[PDB]
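Here's a solo chain for you in structure tokens, the form solved without its partner chain.
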């Protein structure tokens, strides 16, 4: 339904961009260690059904976000992870060989969120 689904994808998107602005900065002194954690990436991520691949990596994502300073995030991280967990459960794995960093992993799902929206427009 162009509006329930795009309304949730643009809300998924902003929760993810808000997690990335939180870790990604000079006021974040453990960025370098966060950068060494392994995140798995979806081989394919062409449909919403593929959100299972993001769903599966959400508790790795929460464990490593514990290294981040609550303060530079726009929403309490806890809220950001709950919000994304409710939207994926309400919207929805073949992983790729080479693993990725938290910044490549967030960036890759921001890109899939923007991609489906552009089909729904």
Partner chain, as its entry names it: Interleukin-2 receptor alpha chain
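In this text, the rigid core denotes the largest set of C-alpha atoms whose superposition between the two forms falls within 1.5 Å. Only residues modelled in both forms are compared. Residue numbers count along the first chain shown, from 1.
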Where residue 38 meets residue 39 in the shown sequence, the number of deposited residues left unmodelled: none
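Only in words, not in the display: the form solved in complex with its partner chain, which the text now covers.
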Its partner chain contact at residue 49 in the bound PDB entry, heavy atom, 4.5 Å: no
Candidates 80, 61, 34, 87 - which moves between the shown form and the other one, C-alpha at least 2 Å, core fixed: 80
CA of residue 52, rigid core aligned, shift of 2 Å or more between the shown form and the other one: no
Shift in CA distance, residue 74 and residue 108, in the bound PDB entry relative to the form shown here, given it is 3 Å or more: farther
In the bound PDB entry, whether the C-alpha atoms of residue 68 and residue 74 sit closer or farther than here (change of 3 Å or more): closer
Once both forms are overlaid on the core, stretches between the shown form and the other one of 3 or more residues with C-alpha shifts of 2 Å or more: 69-80
